[PDB]
Structures are given as C-alpha cells and as structure tokens.
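Participant:
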Amino acid sequence: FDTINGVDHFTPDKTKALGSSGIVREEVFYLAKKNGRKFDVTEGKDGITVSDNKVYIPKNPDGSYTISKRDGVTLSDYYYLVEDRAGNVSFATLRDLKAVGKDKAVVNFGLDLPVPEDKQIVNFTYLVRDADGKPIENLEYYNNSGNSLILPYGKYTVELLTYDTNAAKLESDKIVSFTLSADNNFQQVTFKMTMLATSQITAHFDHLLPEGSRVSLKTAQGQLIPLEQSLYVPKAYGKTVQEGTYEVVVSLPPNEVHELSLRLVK
Amino acid sequence: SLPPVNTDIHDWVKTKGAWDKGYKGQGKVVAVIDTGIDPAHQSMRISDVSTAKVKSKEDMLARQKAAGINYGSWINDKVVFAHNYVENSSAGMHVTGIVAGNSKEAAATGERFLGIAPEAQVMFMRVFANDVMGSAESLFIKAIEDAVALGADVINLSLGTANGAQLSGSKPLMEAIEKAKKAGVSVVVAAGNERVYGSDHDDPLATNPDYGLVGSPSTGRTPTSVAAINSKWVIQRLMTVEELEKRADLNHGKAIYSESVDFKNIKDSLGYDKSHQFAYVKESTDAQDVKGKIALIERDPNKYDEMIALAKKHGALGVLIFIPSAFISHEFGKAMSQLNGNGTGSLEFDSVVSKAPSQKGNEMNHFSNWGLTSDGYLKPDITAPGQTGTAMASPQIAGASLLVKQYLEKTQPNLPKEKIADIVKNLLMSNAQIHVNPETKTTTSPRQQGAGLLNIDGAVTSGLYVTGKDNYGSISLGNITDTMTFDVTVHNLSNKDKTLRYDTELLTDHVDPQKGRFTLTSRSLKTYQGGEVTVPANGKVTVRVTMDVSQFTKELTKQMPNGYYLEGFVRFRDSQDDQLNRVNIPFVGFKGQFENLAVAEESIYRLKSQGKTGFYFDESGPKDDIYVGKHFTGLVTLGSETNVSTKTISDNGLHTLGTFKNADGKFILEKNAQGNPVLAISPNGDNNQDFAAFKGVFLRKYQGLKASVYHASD
Ligand SMILES: [Ca+2]
Ligand SMILES: [Ca+2]
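Line by line, the protein sequences give chains Z and P. Counted the way PDB author numbering counts, the first sequence spans residues 1295 to 1547, 1562 to 1574. Counted the way PDB author numbering counts, the second sequence spans residues 118 to 206, 278 to 475, 480 to 495, 497 to 515, 535 to 598, 613 to 940.
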C-alpha cells in the first residue's frame, strides 16, 4: 500500500497460480451505498435479481490499483477479491489488508485434514515464541481471523497447545519454526492430522462363560485389548470402543456372535 | 491465645476425632487443579516444616529435576509448587482454603477457619477450558502427571461433562488417572451441578427413569465422586430490625435477605425505613409487602422489601418475585412479624458478616448431580457440605482422603501403594452417615447422596469397611427381578474381632400421582431384618442379603411402567451397643431392563394422536400448532411458495413435516378426511417439501443413529 501524489495505491501480492488453489481472477472494487444498503434489486425481464452494488477499480498498467479517496466511501468499503481454478472465491477489505504495516509480516496457522471443509475441527490453540524464547505479547490479528498473526520480521517458533483429541490425531511436528522477512513476509505453517473414527464392538456369547473368564481382542498386530462383561446383559462382553477390525480370544487369567456398529458423528 | 475455630462443617463431618489422633495432614500433599490461587493468603501456612513432605525450595527444585519438569516454581512452605498450564496471554482459592487452610489470624466473623487437613502442603495447577471442552484435556493430563510425579497425595480435579459413563470415558484422561491410582493418589472430583434430566423445565416424567447426570470423570471407577449437602450455617451480611431483638425464633431480628440480577443494590449500615402494605394493589401506602399475590415480579412505587408467600418455605428465592429502581428482598417469618408493631418500623443492613442458621440447611443441594451413570453404575460416591455446590463439597473429601491416608500409613504400614487409594475411598464411604431428608422424613436415595454424608472420625476409628461382589464400597446390581440377592463383605482392620447386627432398608422413587412425575424424593418400601455376623480381626466375612419385592410390583409398575429403581442401604451396627461400629453400603438395581429404556421421546404425531404431549413441547397457540421451533420428535422439511406472477427467489425455511400454514400464519398439523395427519414428500426439486429429516427430543445418550427407508410392503 503506497502513495503517489494523492495516492491510495494498493498493489496485491503476485498470485502464484499454477494449480488447484491457483488464482485465475482478481478484482478490486468498492461497495457504493444507494437507498441505504450495499446491494440492490433489479427487476429483470425474466424476474427479480439481487446484486451487491459493486463498482470496479481498473487494473492500472503499473500493476497497482488507484484508491481515489472519494465520496462517502471509505477503505472499509473497498474489497480485493480472488477466484482460484476450482471456483472458490475469497475477499478482504482493503482496510484489513492495509492494517499490516510495511515493516511487518503475517504468519497463519491451521490444520491440514484430509476431509472436506465443514466436517473439520475448526477449534484449537497455539503459542508463539521469540528468537529468545518468551511468548509473544500484544497480539495483532490479520483479516479478522484469530490464527493469523502480524509480527515484525524475525525468526519465531509456534507450538500446537491443544485441539480435539477425541476427534483426531496429530500426524506432524508439534513445534514448528518459521521465519518472517522482507521477501518471505507471509508464511503458513500447518499441522497435518488424521481423522479419528470409533466403533462399538460387542462379542455376544450364546451361553454364559465360566466366572472370571477373560475375553479379549487381537488387533492388527499381536496386540490384545481386554473386554469387560456388561453389567446388564451378562452374556454380552463386547465392551471397548476403539475402532479398526478385530478377532476374539477368551483366556482364563468358546462361541462368537461378533458385532461392530459404526458409531460416530458427534 | 488464638481465636476460636469455626466448626460449622467440622462438627458435622467429625474432623475433631481425626485431629485428636494425630491426623492433620502432616507430610501429606494435596494438588488442587483449578482456576486460580493466591499463595500469599493468611491461611497458606503450615506449622513445623521439619515434618513436611517438601522441606525447602531446594527440595522442590530437586524433585522437579528428578521428575523432568522444567516449569513452575515453589512459592512458600505451603504452596510448594505452582504453575500455569494455560500459558498463553478467586474461584479455586476457596477449595484450597477448604482442604488445607491453617490460619493464625481470625476471619471476618471473629473466628479462624481451618481446612480439613490444615498441615497439608499444597500444589497448584492452573488449568481450565475455554472454547471446546476436551481441548483442555491435554493440559489436565499434564497436570495430573505432574501432581503424581512431584509427589502429590491427593488430587482435587475440577472437570465435568454431564452424564458421564463409568467404563467408557476419554482414553488418555482415564489412563492418566489410573496411573495416579497406581501411585497411591486419591483423585477427588465434584459430581456436577445439573441435577437431573430436565432440571430447568420440570421434574422428569414417570415413564422416563434414566434421569441421571453425574459427570465425567467422577463417574470413573477410580475417582471419588462428591455430591453436595447444604451447610447448616451461613456466614453473610444480615439485615437487622431492632424492635425484634427479643424474638429468638428470628435469629434475634437478623434476617437473611437476597437479590437476583442486581437492580440498584444496597447502601449499608444506615437506619433506613419502611412500613407494611400487604394489600398488593392500590392501598393508601406512604412509601414491606407480602408477595402472597403470585402475579408478576413488578416492584412497587418509589421508596421495596418483598416477603414470601409460603409460610416457612424459606426459599428466599433467586429472582425477586414470589428492571430496577429500588432493591431486592425475600424472607418470611421476619415479614409476618415485621408487619406487626403498629404497621411499620425501622431497620438497617449490616456491613460485617454474621453467622446465622441456614434456610436450606441439612438438605441435599438442589443442583448436586444425581442418578446413575450413563451406562448404569452407581455414582456419586459420597456427600460433603457445600452452581458451586459439588465444587465445594469436593475438597472436603480430598481433605478427608488426606487424613484417612495418614491413618492407613500409620496402622497399615505395609499396605501397598497400588492398593491404598481404594482403601481410603472405601473407608470414607463405608463410614459415612446415611442422610435423612428432613422435609419428607425418609432416606435420601443413594443415587443422590452416595454412600452418605462424610464422617472423618468414623473412618479413622472403626476398623471396618464394607464391600460388594465387585469389591467396591457400593453395589451396582443391574437388572432386578422380584427377588434381589447380593453378597456383602465386611472387612475388619483392627486387631480385635467385632460382632455386628445388620438390617436392610429398601427404597424406590416417590412419584406425584396427579402429575405423573417423580418428586425426586424417595419412598421407604420396607425394612428387611437380616441377622448377625462376626467379623474376624484382620479379616473379612461375607453374608448374603435376600429380599422378596413381589408385593410391590403391581403398584410400582403401575406408577412407573418402564421400570423403577429398587435401591437402599444395608446397615451394620454393633451387636451389644447400638451406636458403635456404624457402617453401611448402598445398593441400587433396576426392576426392568435399564439397558433398553427408550432413547428418543415418542414422536409428536403419535403423541398428539393419544391426546398426550411431549416433555418439552409448548402447547402455545392454536390447536395442533407444531411450530418447527418447538421441541418434539418429528420430521422437518423445507417449504417454498408457488408464485404465479414471478419466479420465486426465496425459500421459507424449515417447518414441521405434516404441518401447514393457516389463516393467521401458523403451522397446524392438519388431518385428512380419514382423521389422520399425512407425512408426505415431493422430491421434484421445487424446494417445497422435497426432503424429510429427523428431529428428536432425546431421553438418553445415544450412538449409531441413522435413517433408512423401506417399502411399506416390507
Ligand atoms: Ca478418595
Ligand atoms: Ca416438491
């Protein structure tokens, strides 16, 4: 964000497209008011249609965009918008992208999970530490998300404090290092995770076992998990819950009727 | 030369019997895991550090190096370790005061407050949840492990989830607790403060008896799950009226008053005034009024001081009716005498606290969590005096556990670490005093009070404790059938054998007959005399309890058609002296099939077709309104109007499938010419009634819910 004469000149970073999250289209535009709202309803020939009151700021030769200060319009009314090759779009107010000073950088934290968008753990917490060690203080957030910090140039380290351990498992390193500098001024660090899914497994013997029988499960490897006899249906042993595919062994530290019920989606 | 000791709880829980034997927590350690302390308070002190477990900051540093713990620090001889586990930039000071407060100075009331274990040292882990509870689980586990490592003797855990299961909790937490047990560490946890299914609406209906809500992890086998009784005494700012200093049935004219949501609150120690207008409407007033007219909480014209409509209820209800512009109120025996003396007289509100007898004294706390585990086990384990109910009972049992663990370490020196913590729990439960509900004059259900109110003396004096088949201070039978039998085992820890006579009191739930709802009071069906057994010194003996409940199956099944609880206590006394060696063990079973109770509430359509109604369903508007926002089991679909002069661009949102908008604009469950509603959908794409999805009122925890469609021929 710089000025020439009376400037107001926003030049977006280069969108390094080449891909499926590569950017095909970008626009700067401001949202004019009319009748009180930032949209209007035009009665077309076929029926009714609705649209934001966009007015586009042309891309100058210089690569920049000229934010002429004008009217009753403000920097919280200007938007920079991007559409990637798969057709997701993202917008931001030019005020929020301007809120990061020129001497500062942006780091962004997130979970890489192999599932779609809405079936994702959206909640977790982290801690950011110095070149020396101390936690980061006076947190400045970026574009209205709590996982994008604005920090001065330097070397830093971030730690995954907490997340939903009853919903997923950490698959990558818990403390990752990142460095913000004048050219590398936007880093994204992610913690890859794998989704956890659970089953209710139950071994239902046809006849009562002899007292103190030990009923157990044999995992993928030679591991064994102990099952506890239910208090309400004494024939029904299958107690435990962890999920993945098993076979049943009864020690005394001989039927079957084995049932696992896919149970999940909290 | 020291001020006297406040014994409001000590006299009831019988701590003196433990102190007078040498058990004050010397060289023991309680780890409070909670939201915040102040290690500098007048009460964070110990007498004689030479006997403490941790004798110096250097000792503490040593342990931290040994255990591999590079954070937190020793603070004083009392708080020997403290740390923040939520480190990224008081409530639990009371709990610490209660376990281990040892003050030389006196408090506001003139007396000095001593915790249960005044000579214990303390460790403080700041841990709590912020957005999605369960994310905090990892910090809690780090806390438990550090308490264990740096050498705690008891852990007071502040953590709850509502309707916990005993055998099927959260794997890493339950395991870290198991390691804590294997290190000899009692783990004490509040039961919870949600009380029963539907506590914010009405009492549970008699067809739905799985109403328990005890919370995880107190529902684990290992932790001690503490329910809460209301203290007999309160310490708070009273309100005086001097023309009444003579009528002692009114604490000598000092009232307990309350308020709700802070309208324009009090202006202390100034002889204000008011007279009595009990005609609630338009009297010649010159501005105390009886809220006898239960109409609406609207305070009077300018000067309030309302009083109770129900003689002796002494609820002093929160929410001031029976915005601002005055102040709150609400007591009664002071009202119907304050209204004497000519019509009116002068009062003032005190600025220094006083002791005064409690209005809810000796009654189970309304919010203390109740009922079984989600998967059928008997919790909570025990009661102590205490939305911060159970949370203030919990440290009482943590301190008691310190004292009893001391007893065990002296008189059973070779009892192994892997087996002491359970003995501490079992002695506490077996020696508790069974409560009686002073209102209904009948025994409180073990689903509410556990093995009874704490009794520290009994636990460190009798050598007895009691046990069931599963080797635990209480008995979870399971399904019951017309004939209940179980085997009780008594253990003796003294070196002189004792002889005990034992009977069996049997209880079920009391049910309100005109409303078809439990009353959350118990009903004593019968006491079954059971004989006599002699417990060998340093041994055990087993007797069998057998009961025939056949006589009751008609009436109980009729008032509770899906099964009822049969529960109660096996009570042992000394054979020659009725008051020695009082021990007992609670049991509960279910006459029916608990594991099969209905999971979802009946469908709203079926219910309407029997003239019945749901448990949360508002019968508000027109006849057979089922507004999608109400609470019912039914199907929901999405509607959109057919517009003849435009393309529609707007859906109408969800509505109850089977209901249709009427003249006034309300969705009514319309009936076809045969009399019935009609569930039907049209997947044409028009986005009008194109799908059907399930909406439930769930009576029980569930899993594996899914929807399927079959042909009706099938
Ligand atoms: Ca205990
Ligand atoms: Ca349709």
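Note that the Cβ used here is the ideal one computed from N, Cα and C, for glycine as well.
Rounded to whole angstroms, what is the Cα-Cα separation between residue 886 of chain P and residue 871 of chain P?
Facilitator: Numbered from 1 along the second sequence, position 660 holds the residue referred to as residue 886 of chain P. Numbered from 1 along the second sequence, position 645 holds the residue referred to as residue 871 of chain P. Distance between the alpha carbons of residue 886 of chain P and residue 871 of chain P is about 22 Å.
Participant: Is residue 1471 of chain Z a contact residue of ligand 2, with contact defined as CB to any heavy atom under 8 Å?
Facilitator: As a first step, residue 1471 of chain Z must be located in the first sequence, where it is residue number 177. Result no, Cβ not under 8 Å from ligand 2.
Participant: Under the three-state reduction of DSSP, which class applies to residue 1503 of chain Z: helix, strand or coil?
Facilitator: If you number the first sequence from 1, residue 1503 of chain Z lands on position 209. Correct three-state label for residue 1503 of chain Z: coil.
Participant: Indicate, with yes or no, if ligand 2 has a heavy atom lying under 8 Å from the CB of residue 910 of chain P.
Facilitator: Here residue 910 of chain P refers to the residue found at position 684 when the second sequence is read from its first residue. The answer is yes for residue 910 of chain P.
Participant: Leaving out five residues on either side along the sequence, give the residues of the same chain with a beta carbon under 8 Å from the beta carbon of residue 602 of chain P.
Facilitator: There are no coordinates for residue 602 of chain P in this structure, because the numbering of chain P runs from 598 directly to 613.
Participant: Is there a C-beta anywhere in chain Z that falls below 9 Å from the one on residue 872 of chain P?
Facilitator: Taking the first residue of the second sequence as position 1, residue 872 of chain P is located at position 646. Closer than 9 Å to some Cβ of chain Z, the Cβ of residue 872 of chain P qualifies, so yes.
Participant: Is it true that the CB of residue 629 of chain P sits closer than 9 Å to the CB of residue 141 of chain P?
Facilitator: Here residue 141 of chain P corresponds to residue number 24 of the second sequence, with the count starting at 1. Here residue 629 of chain P corresponds to residue number 403 of the second sequence, with the count starting at 1. Result yes, Cβ atoms of residue 141 of chain P and residue 629 of chain P sit closer than 9 Å.
Participant: Name, in chain order, the residues that DSSP records as bridge partners for residue 726 of chain P.
Facilitator: Indexing the second sequence from 1 puts residue 726 of chain P at position 500. DSSP lists P/759, P/800 as partners of residue 726 of chain P.
Participant: Specify whether the stretch 713-725 of chain P and the stretch 793-809 of chain P touch according to this definition: at least 3 beta carbon pairs, one from each stretch, less than 8 Å apart.
Facilitator: Touching, yes.
Participant: How would you label residue 464 of chain P, buried or exposed, when you count the other beta carbons within 10 angstroms and need 16 or more for buried?
Facilitator: Residue 464 of chain P sits at position 276 when you count from the first residue of the second sequence. Result: buried.
Participant: Rounding to the nearest angstrom, what Cα-Cα distance links residue 819 of chain P and residue 350 of chain P in this structure?
Facilitator: Position 593 of the second sequence holds residue 819 of chain P. Position 162 of the second sequence holds residue 350 of chain P. About 23 Å.
Participant: Say whether the stretch 347-366 of chain P touches the stretch 182-196 of chain P, bearing in mind that this needs 3 or more beta-carbon pairs closer than 8 Å, one atom from each stretch.
Facilitator: Contact fails: fewer than three Cβ-Cβ distances are below 8 Å.
Participant: Could you tell me which of P/288, P/750, P/487 sits nearest to residue 667 of chain P, measuring between CA atoms?
Facilitator: The count along the second sequence starts at 1 and reaches residue 667 of chain P at position 441. Measuring from the Cα of residue 667 of chain P, the nearest candidate turns out to be P/750.
Participant: Whose C-alpha, out of P/650, P/703, P/681, P/783, is nearest the C-alpha of residue 595 of chain P?
Facilitator: Looking up residue 595 of chain P in the second sequence gives position 383. Ranking P/650, P/703, P/681, P/783 by Cα distance to residue 595 of chain P puts P/681 first.
Participant: Say whether chain P places a C-beta atom closer than 9 Å to the C-beta of residue 1557 of chain Z.
Facilitator: Here chain Z is numbered 1547 followed immediately by 1562, so the structure offers no position for residue 1557 of chain Z.
Participant: Pick helix, strand or coil for residue 576 of chain P, following the three-state DSSP scheme.
Facilitator: One-based indexing of the second sequence puts residue 576 of chain P at position 364. If DSSP states are grouped into helix, strand and coil, residue 576 of chain P belongs with the strands.
Participant: Determine whether the Cβ of residue 790 of chain P lies closer than 9 Å to any Cβ atom of chain Z.
Facilitator: Residue numbering aside, residue 790 of chain P sits at position 564 when the second sequence is read from its first letter. Not closer than 9 Å to any Cβ of chain Z, the Cβ of residue 790 of chain P fails to qualify, so no.
Participant: Would residue 920 of chain P be called buried (16 or more neighbouring beta carbons within 10 Å of its own) or exposed?
Facilitator: Against the second sequence, residue 920 of chain P aligns to sequence position 694. It counts as exposed.
Participant: Can you list, in chain order, the residues of its chain with a C-beta nearer than 6 Å to that of residue 621 of chain P? Leave out the 5 residues immediately preceding and following it.
Facilitator: The residue you call residue 621 of chain P lines up with position 395 of the second sequence. Cβ neighbours of residue 621 of chain P beyond the five flanking positions: 283, 286, 287, 344.
Participant: Terminal residues of the continuous alpha helix (DSSP H) containing residue 497 of chain P?
Facilitator: Working through the second sequence from its first residue, we reach residue 497 of chain P at position 304. Looking at the DSSP string, residue 497 of chain P is not in any alpha helix (DSSP H), and its letter there is neither H nor E.
Participant: Exposed or buried, residue 917 of chain P, counting other C-beta atoms within 10 Å across all chains shown (16 or more means buried)?
Facilitator: Working through the second sequence from its first residue, we reach residue 917 of chain P at position 691. Exposed, since its Cβ has fewer than 16 Cβ neighbours within 10 Å.
Participant: Mark residue 321 of chain P as exposed unless 16 or more other C-beta atoms lie within 10 angstroms of its C-beta, in which case mark it buried.
Facilitator: The residue given as residue 321 of chain P occupies position 133 in the second sequence. Exposed, since its Cβ has fewer than 16 Cβ neighbours within 10 Å.
Participant: Give a yes or no on whether 9 Å exceeds the smallest Cβ distance from residue 922 of chain P to chain Z.
Facilitator: Along the second sequence, one-based indexing puts residue 922 of chain P at 696. Chain Z contact via Cβ: absent.
Participant: What I want to know is whether the C-beta of residue 660 of chain P ends up closer than 8 Å to one or more non-hydrogen atoms of ligand 1.
Facilitator: Locating residue 660 of chain P in the second sequence gives position 434, counting from the first residue. Flag unset: Cβ of residue 660 of chain P not near ligand 1.
Participant: Do residue 1501 of chain Z and residue 1531 of chain Z come within 9 Å of each other at the CB atom, strictly closer than that value?
Facilitator: Taking the first residue of the first sequence as position 1, residue 1531 of chain Z is located at position 237. Taking the first residue of the first sequence as position 1, residue 1501 of chain Z is located at position 207. Cβ distance not < 9 Å, so residue 1531 of chain Z and residue 1501 of chain Z don't count as in contact.
Participant: Just to confirm before moving on: does the CB-CB distance between residue 1534 of chain Z and residue 1511 of chain Z stay below 9 Å?
Facilitator: As a working mapping, residue 1534 of chain Z is identified with position 240 in the first sequence. As a working mapping, residue 1511 of chain Z is identified with position 217 in the first sequence. Cβ distance < 9 Å, so residue 1534 of chain Z and residue 1511 of chain Z count as in contact.
Participant: Listed from N- to C-terminal order along the chain, which residues in the stretch 1415-1429 of chain Z have their beta-carbon within a distance smaller than 8 Å of any beta-carbon of chain P?
Facilitator: Taking 8 Å as the Cβ-Cβ cut-off against chain P, the residues of the stretch 1415-1429 of chain Z that qualify are 1417, 1418, 1419, 1420, 1421, 1429.
Participant: Any residue with its C-beta under 5 Å from a non-hydrogen atom of ligand 1 counts. Can you list them all in chain order?
Facilitator: Going along the chain, the residues that qualify are P/374, P/412, P/627, P/650, P/651.
Participant: I'd like to know whether the C-beta of residue 1459 of chain Z is nearer than 9 Å to at least one C-beta of chain P.
Facilitator: In the first sequence, residue 1459 of chain Z corresponds to position 165, counting from 1. By this cut-off, residue 1459 of chain Z is an interface position.
Participant: I'd like the ranges of any alpha helix (DSSP H) spanning at least 4 consecutive residues and lying wholly in the stretch 789-837 of chain P.
Facilitator: Entirely contained in the stretch 789-837 of chain P, the alpha helix (DSSP H) runs reaching 4 residues are, in chain order, 830-834.
Participant: Which first and last residues belong to the beta strand (DSSP E) in which residue 778 of chain P is found?
Facilitator: What you label residue 778 of chain P is simply residue 552 of the second sequence in a count that begins at 1. Element bounds for residue 778 of chain P: n/a, residue is neither H nor E.
Participant: Which residues in chain P sit within 8 Å of residue 1342 of chain Z, going by Cβ to Cβ distance?
Facilitator: Here residue 1342 of chain Z corresponds to residue number 48 of the first sequence, with the count starting at 1. Here the neighbours are 872, 873, 875.
Participant: Can you find a heavy atom of ligand 2 that lies under 8 Å from the Cβ of residue 916 of chain P?
Facilitator: Your numbering for residue 916 of chain P matches position 690 in the second sequence. Checking every heavy atom of ligand 2 against the Cβ of residue 916 of chain P, one is found closer than 8 Å.
Participant: Please go through the same chain and pick out, in chain order, the residues whose beta-carbon is closer than 6 Å to the beta-carbon of residue 651 of chain P, but skip the five residues on each side of it.
Facilitator: One-based indexing of the second sequence puts residue 651 of chain P at position 425. Closer than 6 Å at Cβ, skipping near neighbours: 412.
Participant: Please confirm whether residue 360 of chain P and residue 377 of chain P have their CB atoms less than 9 Å apart.
Facilitator: Position 172 of the second sequence, counted from the start, is the residue given in the question as residue 360 of chain P. Position 189 of the second sequence, counted from the start, is the residue given in the question as residue 377 of chain P. Not closer than 9 Å, so no.
Participant: How big is the Cα-Cα spacing for residue 1540 of chain Z and residue 759 of chain P?
Facilitator: Reading the first sequence from its first residue, position 246 is the one you call residue 1540 of chain Z. Reading the second sequence from its first residue, position 533 is the one you call residue 759 of chain P. Cα to Cα, residue 1540 of chain Z sits roughly 48 Å from residue 759 of chain P.
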